[PDB]
Amino acid sequence: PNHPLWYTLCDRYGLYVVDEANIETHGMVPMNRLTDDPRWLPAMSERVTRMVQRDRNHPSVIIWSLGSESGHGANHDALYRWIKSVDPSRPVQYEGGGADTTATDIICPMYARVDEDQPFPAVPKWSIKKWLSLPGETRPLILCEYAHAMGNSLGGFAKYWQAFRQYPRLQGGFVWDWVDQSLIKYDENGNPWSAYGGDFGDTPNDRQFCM
Amino acid sequence: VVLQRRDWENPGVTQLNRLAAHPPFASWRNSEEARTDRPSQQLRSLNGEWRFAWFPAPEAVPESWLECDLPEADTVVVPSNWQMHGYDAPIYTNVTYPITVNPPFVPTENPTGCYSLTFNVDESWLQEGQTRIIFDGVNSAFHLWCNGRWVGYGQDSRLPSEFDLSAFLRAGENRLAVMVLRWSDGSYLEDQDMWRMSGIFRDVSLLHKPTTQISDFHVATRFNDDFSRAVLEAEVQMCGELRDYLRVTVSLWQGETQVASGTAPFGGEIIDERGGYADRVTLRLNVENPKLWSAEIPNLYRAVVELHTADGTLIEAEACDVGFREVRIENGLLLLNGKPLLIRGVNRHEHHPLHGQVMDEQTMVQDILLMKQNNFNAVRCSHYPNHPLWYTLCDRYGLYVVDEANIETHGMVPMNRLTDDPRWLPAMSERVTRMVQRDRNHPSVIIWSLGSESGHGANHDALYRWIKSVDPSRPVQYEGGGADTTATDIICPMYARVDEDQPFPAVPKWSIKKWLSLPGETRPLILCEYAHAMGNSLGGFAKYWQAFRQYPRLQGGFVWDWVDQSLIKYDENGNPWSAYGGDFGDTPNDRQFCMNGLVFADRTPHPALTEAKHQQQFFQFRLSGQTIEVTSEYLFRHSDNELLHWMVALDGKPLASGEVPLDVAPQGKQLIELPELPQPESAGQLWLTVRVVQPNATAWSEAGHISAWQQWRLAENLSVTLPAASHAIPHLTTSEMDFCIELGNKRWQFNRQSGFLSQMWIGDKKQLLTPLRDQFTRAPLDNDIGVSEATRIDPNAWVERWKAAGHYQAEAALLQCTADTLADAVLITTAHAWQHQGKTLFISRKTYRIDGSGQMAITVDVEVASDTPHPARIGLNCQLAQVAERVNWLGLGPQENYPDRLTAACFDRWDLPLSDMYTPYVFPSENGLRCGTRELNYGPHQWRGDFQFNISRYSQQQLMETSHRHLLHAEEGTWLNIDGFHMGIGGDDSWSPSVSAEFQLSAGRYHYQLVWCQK
Amino acid sequence: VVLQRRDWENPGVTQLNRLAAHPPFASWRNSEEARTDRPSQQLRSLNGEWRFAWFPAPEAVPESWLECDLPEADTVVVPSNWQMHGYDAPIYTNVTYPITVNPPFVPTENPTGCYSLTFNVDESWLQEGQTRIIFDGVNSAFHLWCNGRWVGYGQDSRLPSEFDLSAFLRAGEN
Ligand SMILES: CC(C)S[C@@H]1O[C@H](CO)[C@H](O)[C@H](O)[C@H]1O
Ligand SMILES: CC(C)S[C@@H]1O[C@H](CO)[C@H](O)[C@H](O)[C@H]1O
Ligand SMILES: [Mg+2]
Ligand SMILES: [Mg+2]
Ligand SMILES: [Mg+2]
Ligand code: NA
Ligand code: NA
Ligand code: NA
Ligand code: NA
Ligand code: NA
Ligand code: NA
């Protein structure tokens, strides 16, 4: 959840917002180790429920999200249903555990390609055009993350937009991402320069992946 | 810090340092011991003698107690509830919380039980591995100490709390200290309608596991379309260091035959982008033609889970009983192994009259045998997870179980105040999740329940989905918030009636037949509670069962409930008596509402149990000419231990009988042609009675057990013969105060002022102690009273309608009393009016005809004002001078039966001791009626006609004035109530009028006739 | 109790004494002010200059700090991240956790920020009504004390933690 003024400005200027719970357990092995564990359900529930209690009156918020990159656990299903029960007015989405689990109203993959399948075991990233028409599938597809804009990038961005415009159920996506996470440091002359992972003696680090 | 933190007043803290929940463990170190389920040397019981001291509040507990025993403390048996030892009083309240509603706070005066134990630990247990303590039940919260050091804290009275004591223990002598709090924030979720008690009330034990251990295992069984093939899937989790050489073997056994086995290293399949569970393995075993588990045939296999090295050194084995069965809802039907269930259920609390809420194997086994013997196939754990042995017995004997989370918030306003509050979601979630983690491997558990009477809140919806995600094998039900919410797979109402709607705002109870077909509705309907068996009850029970059999989607229900929650107290002379609410000084209380059982607290049956056995029969019968059609309601079994006995009797006199083995396929039919029955020598009604007998003993019943019965009227030859004309003529004598009639040694006396037969003589001995007078009232049943109290009248209750109308105080006013001498008889004609404050309630018109053969014919015609509440009965009563040993009657019996509870009774010649004609309901009321009676015999007296009667040493007055059966005193002689008509008893619930229109005495004019003579 | 309970290594305790969550409040006592979304006298910002001291672990925090300002502490702007003032290093890691994976435990070397503010409260707030403090964002967990007395505890870096201070406040300086 963002600084409270963010939603005020989104209401007044006009942006659709996905409001997302402060839950990410990416570094767990497997990714759902905590989110499938009932012991972690109370802590998780508060991150979801207190977000909804705070932001439910903002018109800019059109979708709730259960968080980011935490696999798919039973705790996700429980909290998905909590929101659906408490606030029928907004769909709930969540990408973890394959982007099309029982905890999401929207197929919301990250970095699924337009035409190319990536058939990873358990959590494949189907071509977005193919994903829509899989046997039994009926949901809309909106990438929670696509077009990783890291450095000299956004090659093949036009390919997404062509597909979005042609297929009714391909309803767009959220680019990753808005702003480089570089920090200002100062050299011997007091001149400012942009720094990234590792430039603060921080180790282990992931270098320029913050940009 | 412990006293400073006040964790028992914070729903955010439900435990501290408590280990994860899991299925029953024993940590066998021998696989054969695991297979046979023999005792484990790694599982010690700490039950027995403990040290106990009582305190008014935790603040009053001295610090010395942590390291050293208190000399003022006593030695008590554990498990126990401390109210049962007399330390403080048990409280009986139904809905209203026993504490002020101020969540999360409890009273500062919070009774505190200080338990402690000094015990030996062997050296081998501490040299290696993990020693844990398991508290199966602590009501309602506790802090734990070991050798003076603080270990942890637990809440939820009904699930095990486990702690690692490895770092706390020493070889030789150790001391545990447990501070148990009566009230906590947990109490707000424990508002079940039962005695409120506290203490360490379930087993305490020590479990030794190795460092590298099975920490969890789940067993699933999936099937092909016709159940001729199954896959057993076992997921096994380990804790400790992960190693390449580690293996799990899951083997499945049928007796001493191994049927299948699978071995695998640890390392699950890929789950997501970060891999899979390296600490888990799933084993899949193929089973061809599995023997299926049901309540009809509880086929069980044994699964042994062996954690071992690659070359076969056993680290440890755990095990469970496996029942191959599939539970699913399809097309609106609840199916077991592909067949639609009919639930013959009962709710059962964990209750013992001497031990409180402590359960033992013997009482559990007693309950299960009685249940199965009375045609029950299902039990609901109202309203909390049970003692762990219960599920083992249900697995083995064969009962379907609803396992229910320990959540009831009934006393909140509105009922969902806590359950819709996300703040209480953590506490609630643990009560659901830790139940499922514990009981998910028991085949007897077929349905999960989210709790009881807590409205419908969003927390329910969340936990509903959690269970559906974690365990697809079982439907989830929950009644709260209207019985058909988004949190339930089954429409599961409580006390919804068969045909009558009760359209309460927001949470209506539709008639069950109507409910099924509401627009858009598709789900099965199984009542979580119905037929409230409080006292003289179960009226209208047959109506439910007729509906269950007719409607596919009405799949039965669970009676409320199994056993009276009465407690034993002792009088001045040390003699025991049964107590209910308020009898311990507890106030506010809800009096006798704790007693709703089919059985008394000592497991003696109420009469209602036989009605339930009869209606829940598994064989159905039709008669056409000479042919009996038997239909089986068994879904899976053939009738391979059943024979049909038939008997034809003429007014109780045996004519012909025979036996025919039953050969009926599940849901099949069998036709039995009776031989030509020799025609009766005399007049009267021929009756056919059939009974299903079980020739062989089973695990649950004895040889000769009767499982089903049914009766029909065959031919009737009406008597046309005139009684032989006698030469004697009765002689009428007249005074200002009496008409007297004399015939031989017999004399009748009619008081001309009262208009009643005041006395009769045989020889010259008085027969009456009180005159023979009309009676329009009864000592009110629990159903008549409802929730009405002296200080808080419910004007809608039948008893209050009768009281306000003057029924109990209306005095007979004589209108007419004449005598005429006939050719061979004396005719007395009388007329009375019963009036209350100018209003005439009843008129009784009678003739008494005393003829030369000694017989007195009494003809009675009653008028009942259409605007008075319909009377409880229309009959006569009198106190006979005689006290005789036996009661002999031709009518319905042998047991107590009422007009809306008589289907189980059979018409025959019955003979019982007088004491059996009285039903010792703990709260006394009208009791012991027998209906459809044509002849009654008591001492020298015979009454003939078509009547209902009861007979006892207790007047209707004493019964209605006395609140406890032990306070009743036999009166001089015998009180006889002979009714022409008697109102239904009801019982759809016991808090609103429930007697159906067809059983109310509303006809306005009533006629009955009796013949009184000496035999 | 605070150092003994280690509430920051227990996922069962995510708060102590925290108030219920709710949509943005300003407690206007004038309807026209509420309509126009103009500032509310009942909603006060405590943003500005605070006193701050860095510690390598909670055990290193001296008890004197509860009652009295540490003389060695600095005056810093709040809201802020203390890494941006150079007290310790910000860490950039993507997937891999910045701490050893061993739930619910964290490193014994646990950088601790001791913040404090001396402030005044209007007289009228003490006679009547309820005064709460709202921390819109504290990363990653915190205990709160008012005038030496312990108030509560909170977790979740990205949602407001609110605490009733009505029984803790006094006339003059707090
Ligand atoms: C496969 C890994 C690089 S995960 C990848 O890292 C990205 C780095 O910018 C983003 O954080 C994405 O959300 C994440 O999926
Ligand atoms: C309106 C009240 C009587 S509620 C009623 O009380 C019964 C008393 O035995 C049971 O506890 C039922 O579960 C409950 O619904
Ligand atoms: Mg608590
Ligand atoms: Mg209740
Ligand atoms: Mg914590
Ligand atoms: Na589109
Ligand atoms: Na990044
Ligand atoms: Na049915
Ligand atoms: Na009362
Ligand atoms: Na009851
Ligand atoms: Na009575």
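Every chain is numbered from 1 and lettered A, B, ... according to where its sequence line falls, protein lines coming before strand lines.
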What one should report as the nearest heavy-atom pair of A/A21 and A/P1 is C-CD, 4.2 Å
Review point. Going by atom types alone, do C/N120 and C/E173 pair a side-chain donor with an acceptor below 3.5 Å?
Key: no
Closest non-hydrogen contact found for A/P192 with A/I184 is CB-CG2, 3.9 Å
A/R54 and C/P160 have their tightest heavy-atom pair at CD-CD, 3.7 Å
Treating A/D187 as the side-chain partner and A/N189 as the backbone partner, does any N or O pair qualify as donor plus acceptor under 3.5 Å?
yes
side-chain contact (heavy atoms from CB on, under 4.5 Å) between C/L169 and C/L126, worked out: CA-CA 7 Å; C/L169 291 166; C/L126 302 156; 3.7 Å; yes
Scanning both residues in full, the closest heavy-atom pair of A/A195 with A/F200 reads CB-CE1, 4.2 Å
Residue set satisfying side-chain contact (heavy atoms from CB on, under 4.5 Å) with C/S40, at least two apart, ordered chain then number -> C/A26, C/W28, C/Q42, C/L43
>> Taking the basic N atoms (NZ, or NE/NH1/NH2) and the acidic carboxylate oxygens, is any pair closer than 4.0 Å for B/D7 and C/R5?
In response: yes
Checking side-chain contact (heavy atoms from CB on, under 4.5 Å) for the pair B/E430/A/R39: CA distance, chi angles, key distance, verdict? CA-CA 8 Å; B/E430 298 207 357; A/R39 188 169 92 98; over 6 Å; no
Whether A/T104 side chain and A/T101 backbone form a donor-acceptor pair below 3.5 Å | no
Query raised in the report: When you check the side-chain N and O atoms of C/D164 and C/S166, is any donor under 3.5 Å from an acceptor?
Result: yes
May I ask you to decide if the ring planes of A/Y111 and A/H148 are parallel, tilted or perpendicular, using 30° and 60° as cut-offs?
-> perpendicular
**Item:** Parallel, tilted or perpendicular: rings of C/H85 and C/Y87 (30°, 60°)
**Value:** perpendicular
Practice task
Please examine the side chains of A/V48 and A/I23, heavy atoms only from C-beta on, and report whether any two atoms are closer than 4.5 Å.
Solution key: yes
Q) Around C/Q41, counting heavy atoms of other residues, nucleotides and ligands shown, do more than 12 lie under 6.0 Å from its CD? A) no
If the threshold is 4.0 Å, N to carboxylate O, is there a salt bridge linking A/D19 and A/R90? no
Residues at least two apart in sequence or cross-chain that pass side-chain hydrogen bond (donor to acceptor under 3.5 Å, both in side chains) with A/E20, listed by chain then number, are A/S65
Residues 196-211 of chain A vs side chain to side chain donor-acceptor pair (under 3.5 Å), sequence neighbours excluded, gives A/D206-C/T93
Sorted by chain and number, sequence neighbours left out, salt bridge (charged side-chain N to carboxylate O under 4.0 Å, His left out) with A/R12 holds for C/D37
Any donor-acceptor pair under 3.5 Å from C/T112 side chain to C/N110 backbone = yes
Under 3.5 Å donor-acceptor, A/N32 side chain and A/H72 backbone:
yes
Taking every heavy atom of B/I271 against every heavy atom of A/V123, the minimum-distance pair comes out as O-CG1, 4.0 Å
Quick note, ring pair (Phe, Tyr, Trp, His ring centres under 6.0 Å) partners involving residues 21-61 of chain A, not counting sequence neighbours, are A/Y7-A/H58
Residue set satisfying side-chain contact (heavy atoms from CB on, under 4.5 Å) with B/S429, at least two apart, ordered chain then number -> A/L41, A/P42, B/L463
Exercise. Step by step, work out the ring-ring contact (aromatic ring centres under 6.0 Å, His included) result for A/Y160 and A/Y146.
Key: CA-CA 9 Å; A/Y160 279 98; A/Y146 81 117; 4.8 Å; yes
- Would you say A/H3 and C/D136 make side-chain contact, with heavy atoms under 4.5 Å? no
* Residue pair C/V151 / C/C146, side-chain heavy-atom distance below 4.5 Å -> yes
- prompt: Any side-chain heavy atom of B/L242 within less than 4.5 Å of one from B/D279?
  reply: yes
With sequence neighbours left out, the residues meeting side-chain contact (heavy atoms from CB on, under 4.5 Å) with A/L15 are A/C10
All heavy atoms of A/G71 vs all of B/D272, minimum pair found to be CA-OD2, 3.8 Å
Discussion item. I'd like to know if the side chain of A/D105 and the backbone of A/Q93 have a donor-acceptor N/O pair within less than 3.5 Å.
Written reply: no
Across all chains, not counting sequence neighbours, the side-chain contact (heavy atoms from CB on, under 4.5 Å) partners of C/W150 are C/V2, C/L16, C/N17, C/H143, C/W145, C/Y153
query: Would you call the rings of C/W82 and C/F52 parallel, tilted or perpendicular, where under 30° means parallel and over 60° means perpendicular?
result: tilted
Margin query: Please check this pair: side chain of A/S70 against backbone of A/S68, looking for a donor-acceptor N/O pair closer than 3.5 Å.
Written below: yes
*asked:* Would the distance check show the side chain of C/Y92 and the main-chain N or O of A/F209 forming a donor-acceptor pair, the cut-off being under 3.5 Å?
replied: yes
C/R158 side-chain N/O to A/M51 backbone N/O, donor-acceptor pair under 3.5 Å
no
Q. C/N174 and C/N147: side-chain donor and acceptor closer than 3.5 Å?
A. yes
ask   = Would A/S182 and A/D180 count as having a side-chain donor-acceptor pair, cut-off 3.5 Å?
value = no
Could you check C/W125 against C/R44 for side-chain contact (heavy atoms from CB on, under 4.5 Å), going step by step and ending with a plain yes or no?
CA-CA 12 Å; C/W125 288 27; C/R44 265 184 63 188; 3.8 Å; yes
Does B/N459 reach the main-chain N or O of B/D421 with its side chain, forming a donor-acceptor pair under 3.5 Å? yes
Residues passing the salt bridge (charged side-chain N to carboxylate O under 4.0 Å, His left out) test with A/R50, sequence neighbours excluded, are none
message: If you apply the rule side-chain contact (heavy atoms from CB on, under 4.5 Å), what do you find for A/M150 with A/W176, and how did you get there?
response: CA-CA 8 Å; A/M150 176 179 186; A/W176 190 276; over 6 Å; no
A/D36 meets the salt bridge (charged side-chain N to carboxylate O under 4.0 Å, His left out) criterion, sequence neighbours left out, with none
Interatomic distance, SG@A/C108 vs CD@A/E95, rounded to 0.5 Å, equals 6.0 Å
Output side-chain donor-acceptor pairs under 3.5 Å for residues 53-72 of chain C, partner residues at least two apart or in another chain, one line each.
unit_1	atom_1	unit_2	atom_2	d
C/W54	NE1	C/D88	OD2	3.0
C/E59	OE2	C/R6	NH1	2.6
C/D69	OD1	C/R51	NE	3.0
C/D69	OD2	C/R51	NE	3.3
C/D69	OD2	C/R51	NH2	3.1

_Ring-plane angle category for C/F163 and C/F142, please: parallel below 30°, perpendicular beyond 60°, tilted otherwise._
perpendicular
Is A/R113 close to A/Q118 at the side-chain level, that is, under 4.5 Å between some pair of heavy atoms?
yes
I'd like to know if A/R47 and A/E24 make a salt bridge, using a cut-off of under 4.0 Å between side-chain N and carboxylate O. no
### Query
Sub-3.5 Å donor-acceptor pair from the side chain of A/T25 to the main-chain atoms of A/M31, do we have one?
yes
Salt bridge (charged side-chain N to carboxylate O under 4.0 Å, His left out) filter on B/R274, not counting sequence neighbours, yields none
Q. Hey, are the side chains of A/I83 and A/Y80 touching, using non-hydrogen atoms and a 4.5 Å cut-off?
A. no
